[PDB]
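K.L.:
First portion of the complex, with coordinates as positioned in the assembly:
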Amino acid sequence: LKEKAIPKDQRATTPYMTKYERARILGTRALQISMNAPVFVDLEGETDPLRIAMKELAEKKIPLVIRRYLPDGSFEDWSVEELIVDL
Amino acid sequence: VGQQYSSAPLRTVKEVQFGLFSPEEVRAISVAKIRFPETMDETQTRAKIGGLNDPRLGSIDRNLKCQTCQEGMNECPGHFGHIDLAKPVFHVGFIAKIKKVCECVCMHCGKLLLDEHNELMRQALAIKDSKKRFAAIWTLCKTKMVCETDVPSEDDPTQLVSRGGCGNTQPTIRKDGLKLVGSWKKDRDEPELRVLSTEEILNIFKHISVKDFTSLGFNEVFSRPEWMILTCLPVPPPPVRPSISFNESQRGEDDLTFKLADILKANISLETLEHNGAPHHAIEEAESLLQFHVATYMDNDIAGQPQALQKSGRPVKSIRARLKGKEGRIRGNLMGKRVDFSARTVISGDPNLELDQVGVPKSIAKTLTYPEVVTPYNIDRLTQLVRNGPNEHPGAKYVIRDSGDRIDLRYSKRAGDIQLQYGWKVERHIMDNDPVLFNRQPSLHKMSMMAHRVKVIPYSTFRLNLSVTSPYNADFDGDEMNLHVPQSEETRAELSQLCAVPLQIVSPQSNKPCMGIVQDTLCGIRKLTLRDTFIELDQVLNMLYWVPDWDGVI
């Protein structure tokens, strides 16, 4: 506002997921899971949300998009799918 | 938070527009005339007079009414009132400027004292920094004391160009107490000392030009110089100056509620002089009293001594005082607060806990609670905790249902009863392995606060592992420590994923690990090492059994 929206191409941020990001995705997703949201993985018997999240986050089956904002305000959009998760 | 749904959309604050109240607005906003200075007793009859606090404003006595706004006490923030002064008064805090402004503009016609015509001025008009224009402009025209009517343009100093008129000499000004006085020099000799009436100043300002405002650090919409002078006074509502009742038949009024009371009084008294035996200047002896109170109410730690002591010699808490750093609002209520879901006791070492653990005493774990949300995944386990009661350990002490209502597990004739509902919350006790933020002040480290695993233990102490000792910088010579308990599935995550002690092991403050091995374990690890030191079967076996991850290979 779309001049403040950067193309999937021309993209420049870190190809890898920041420790904060994942920290939050996991939480956020855990929170949602705990809210009786839908779970996108077979729970191998798990019953703890943050535990379920960690799983969802390993099969990269998490429907979330991290929108990284830049100093000037324009942002980049990445998907848990894309983002490499080293750590 | 607050409770009771509101069909009003919810957003976060994005900008804070700072401004000054325009008498006209102050009026519009207000819902209270506020004429009387008294508090209540409609002739001792208890209630509240349409005078001060609640002439339609907020309330007390646990009674809905807040202008039908109901909701009552908790929910009805205050509803400012006002109070039409008698004669314009300064603003204890703005006097500085109000003065520095006149020194920048001459009365009678009220306009700048240096146009684009004076070059030194040009440079001071390009600077885009309210704080800086006005700091250079002032420096430039505080000296010139003659409202020039004709100045030499960008050409010959021979030819004189015209602009605004009225050379009425400009008086230098000085500050005596809460008033502005200036001398006008007369040549032929000797000064002319007269007091600058607010009524006057205020006027000169009202006439200052639109582009003149702005040129000087101001804003046509949010802060016109003319507003630094108080015409109408906003009246903070109870919740700002609450009372304190010792049941009934007594009092409990707040400091502020008094300064208004005074300001009010000192106001009326004035009024009843300009419509009666007005010995002209036996009034400006009672108009200084208003400027005073309406000053002191806001600021009470000035240069001109008079502290405005309140019968008993007690200073008087001025509004300013309430915000003044540390112990007060901004720094002591906002930047730092008291909080719930917290505990603290004495710490002691325990060579039997893993690093990232922390022993919490059954006492506490039965006190501190964590809101879990009933889910098919737990329904079972959770219903058991509830059943269990808030006295056994692994248990809980509060069930809350969609219908925003708290079931107190220790009284509710239905304690034993209760079938949970997917969607309800069951505030339970802290349990083994509930991530918590532990900490020992003074906190000057990331590490002075780390997430630990909760290990409910007997006896009354926060039992922490030794090696996580040096980070907090704690001994057990009677040292105390604080524990905070997360609250949202996502909060915990923020602890366990960024603050967990195991993570803090290597520190950035010195790119080297920040926890080691001490005392015994250290002293001992050396001895146990020495070539000279051997161990026989019977024992080498026990030692092996001790490392929990022994591959079972003697």
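P.N.:
Everything's here; your move. Numbers count the residues shown, from 1 in each chain, chains lettered A, B, ... in the order given.

K.L.:
is any part of stretch B:447-459 close to chain A?
P.N.:
No. Using C-beta under 8 Å from any C-beta of the partner chain, stretch B:447-459 never reaches chain A; the gap is at least 11.7 Å. Where you see a C-beta, it was placed from the backbone N, CA and C, and this is true even at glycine.

K.L.:
Show me the contact partners of that stretch.
P.N.:
Defining contact as C-beta atoms under 8 Å, 6 or more residues apart in numbering or on different chains, one finds that stretch B:447-459 is touched by B:353-354, B:356-362, B:365, B:393, B:430-443, B:463-464, B:468, B:471-473, B:495-496, B:499-501, B:504, B:507, B:514.

K.L.:
hmm, 6 Å instead?
P.N.:
Residues external to stretch B:447-459 that are found in contact with it (C-beta atoms under 6 Å, 6 or more residues apart in numbering or on different chains): B:356-360, B:362, B:365, B:430, B:432-439, B:443, B:471, B:495-496, B:499-501, B:504.

K.L.:
residues in contact with the residue in the stretch 201-350 of chain B that chain A sits nearest to?
P.N.:
Using C-beta to the nearest C-beta, the closest approach of the stretch 201-350 of chain B to chain A is made by residue B:341 at 17.5 Å. Residue B:341 makes contact with B:368, B:485 under the criterion C-beta under 6 Å, 6+ apart.

K.L.:
ok, now how distant is the residue of chain A found nearest chain B from residue A:62?
P.N.:
Chain A approaches chain B most closely through residue A:27 (3.1 Å), counting by C-beta to the nearest C-beta. Per C-beta to C-beta, to the nearest Å, residue A:27 is found 12 Å from residue A:62.

K.L.:
Drop chain C onto that structure:
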Amino acid sequence: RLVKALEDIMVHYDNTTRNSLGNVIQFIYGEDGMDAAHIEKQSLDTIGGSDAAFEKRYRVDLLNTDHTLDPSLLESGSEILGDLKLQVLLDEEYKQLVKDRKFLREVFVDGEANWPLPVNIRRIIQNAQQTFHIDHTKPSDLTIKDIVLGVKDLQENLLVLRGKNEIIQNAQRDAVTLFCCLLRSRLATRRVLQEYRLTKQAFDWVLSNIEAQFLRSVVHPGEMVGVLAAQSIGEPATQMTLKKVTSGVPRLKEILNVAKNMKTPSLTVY
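P.N.:
Now chain C, sitting on the chains shown earlier:
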């Protein structure tokens, strides 16, 4: 104070260090974008040492009975002696380790060769070692092209900044320079074969790790570096329990205040 004065400073997603205004304070956190946590004192071997010893270690001359790699090291040993097309890469390399030397001696005038740097290479190899039970006996199987051309292909991937342009991609090179000097210092043909008998397998491994390990040592846009830095300085300030200069605590106080009249004024003229 230190704190309140740097609250607002964090590493933004561009890898710049700014505050609430967006005022760049550092274009690359710490002038290298590395998270302090992933750092260890390594030694830039290329610095110290007699000009004499430097040769005996990094110099490889394929046109010399006494300055070539003995075929007891490389598999393609004998079939290399004399090759002229290789002695060009082999000379390119050396002219570089040498440009390196002079460069460091221009930065760390002290001669001190031990500095904090991401990716501990010493160990990363130490593992390569006993991970593939490498025998200091039989000869390697690395092409000289294998080594030199892979070490060059490594640096291309140690990305700190990413940008799709010159100004940016130019900072990249900058913010990596030192590290590489250390890199080339430890992955120079002679070394890689005579000191730590690496196999093609080991080498290709050592590289892969240095890359990933590096990429991890970068700083995470999000790290609230200001508060961090503040404490990191203000903390060891409290522990300060106390040749005739102004001293600690009071002096630091003197510095933060930018006081015109400091107790000791001194001035050392060489």
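
K.L.:
since we added chain C, can you redo the contacts of stretch B:447-459?
P.N.:
B:356-360, B:362, B:365, B:430, B:432-439, B:443, B:471, B:495-496, B:499-501, B:504.

K.L.:
run the last query once more with 7 Å
P.N.:
Stretch B:447-459 is contacted by residues B:353, B:356-362, B:365, B:393, B:430-440, B:443, B:463, B:471-472, B:495-496, B:499-501, B:504, B:507, B:514 when judged by C-beta atoms under 7 Å, 6 or more residues apart in numbering or on different chains.

K.L.:
Equivalent analysis for stretch C:39-46, please.
P.N.:
Contacts of stretch C:39-46 (C-beta under 7 Å, 6+ apart): B:511, C:97, C:100-101, C:104, C:113-118, C:120-122, C:181-182, C:185.

K.L.:
ends of it, how far apart?
P.N.:
End-to-end distance of stretch C:39-46 (C-alpha to C-alpha, to the nearest Å): 20 Å.

K.L.:
Would you mark the buried spots in that stretch?
P.N.:
Residues of stretch C:39-46 classed as buried under the neighbour-count rule (16 or more other C-beta atoms under 10 Å in any protein chain shown) are C:39, C:40, C:42, C:43, C:44, C:45, C:46.

K.L.:
May I see those organised as CSV, with secondary structure and distance to residue B:489 added?
P.N.:
Formatted as CSV, the buried residues of stretch C:39-46 follow (DSSP: H, G, I helix; E, B strand; the rest coil; distance: C-beta to C-beta, whole Å):
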residue, secondary structure, distance to residue B:489
C:39, coil, 34
C:40, strand, 37
C:42, strand, 42
C:43, strand, 47
C:44, coil, 48
C:45, coil, 51
C:46, coil, 52
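
K.L.:
Dump those into a markdown table; add distance to residue B:346 as well.
P.N.:
Shown next, in a markdown table, are the buried residues of stretch C:39-46 (distance: C-beta to C-beta, whole Å):
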| residue | distance to residue B:346 |
| --- | --- |
| C:39 | 37 |
| C:40 | 38 |
| C:42 | 44 |
| C:43 | 47 |
| C:44 | 50 |
| C:45 | 52 |
| C:46 | 55 |
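
K.L.:
include chain D too:
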Amino acid sequence: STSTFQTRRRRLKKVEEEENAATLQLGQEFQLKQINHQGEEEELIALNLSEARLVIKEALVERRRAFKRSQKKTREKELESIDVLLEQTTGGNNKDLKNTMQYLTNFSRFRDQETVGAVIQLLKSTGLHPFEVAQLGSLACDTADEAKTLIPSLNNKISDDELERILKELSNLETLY
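P.N.:
Now chain D, sitting on the chains shown earlier:
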């Protein structure tokens, strides 16, 4: 509520709320120059009854359709035919739409998406403003006076003869019953 594609920067003093009159001065939300979602500009959208009856029906219809792709996983004659299209794709409690279709379908002036097309192609050569180019379509007018008086915003925007011609071609396109 339901924001409207134009963030008018309200700086404190909200006082100038003009009148609403056939002086073609409609609230700020209906200037001739409004904004489309794509971010483009676009002329206001003036609907004359029976032209609306068709837009609505048109969507209410194509709704019932995409309401079944997913399901798997003559005057008095149209009153009954529409009541159904509601009790199928409407909220049912939208008592307004019910009453909007009756009205919209009773006082309508055209049955063919072809007839309504020409009406438009016609009036759209006037250079008149959308609101007029609406009233002209939904209001019977024999004289230029019946017209230029029930739509005073016209008055000087078109010769009486011309406007009279237009009115002729309207009763000539006006579908029977």
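
K.L.:
since we added chain D, can you redo the contacts of stretch B:447-459?
P.N.:
For stretch B:447-459, contacts defined as C-beta under 7 Å, 6+ apart pick out B:353, B:356-362, B:365, B:393, B:430-440, B:443, B:463, B:471-472, B:495-496, B:499-501, B:504, B:507, B:514.

K.L.:
can you give me the strands for the stretch 51-200 of chain C?
P.N.:
Taking DSSP state E, counting those that start in this stretch, the strands of the stretch 51-200 of chain C run over residues C:114-117.

K.L.:
For chain D, what's its nearest residue on it.
P.N.:
residue C:164 (26.7 Å).

K.L.:
show me the contacts for that residue.
P.N.:
Counting by C-beta under 7 Å, 6+ apart, residue C:164 makes contact with A:10, A:12.

K.L.:
Phi first, then psi, for the residue most central in space within chain B.
P.N.:
Per C-alpha atoms, centre = their mean, the C-alpha nearest to the average position across chain B is that of residue B:330, at 3.0 Å. For residue B:330, the backbone dihedrals (degrees, to the nearest 10) come out as phi -30, psi -70.

K.L.:
Where do the domain boundaries of chain D fall?
P.N.:
Domain ranges of chain D: D:1-46, D:47-71+D:74-177, per curated CATH domains.

K.L.:
Need the winner for burial among those.
P.N.:
Compared across the domains of chain D, domain D:47-71+D:74-177 shows the largest average neighbour count, a mean of 15 (mean count of other C-beta atoms under 10 Å in any protein chain shown).

K.L.:
ok now it, how far from the chain's centre?
P.N.:
6 Å (C-alpha atoms, centre = their mean, to the nearest Å).

K.L.:
how long is it from one end to the other?
P.N.:
One end of domain D:47-71+D:74-177 sits 22 Å from the other (C-alpha to C-alpha).

K.L.:
again with stretch D:144-159
P.N.:
Counting by C-alpha to C-alpha, you get 9 Å between the two ends of stretch D:144-159.
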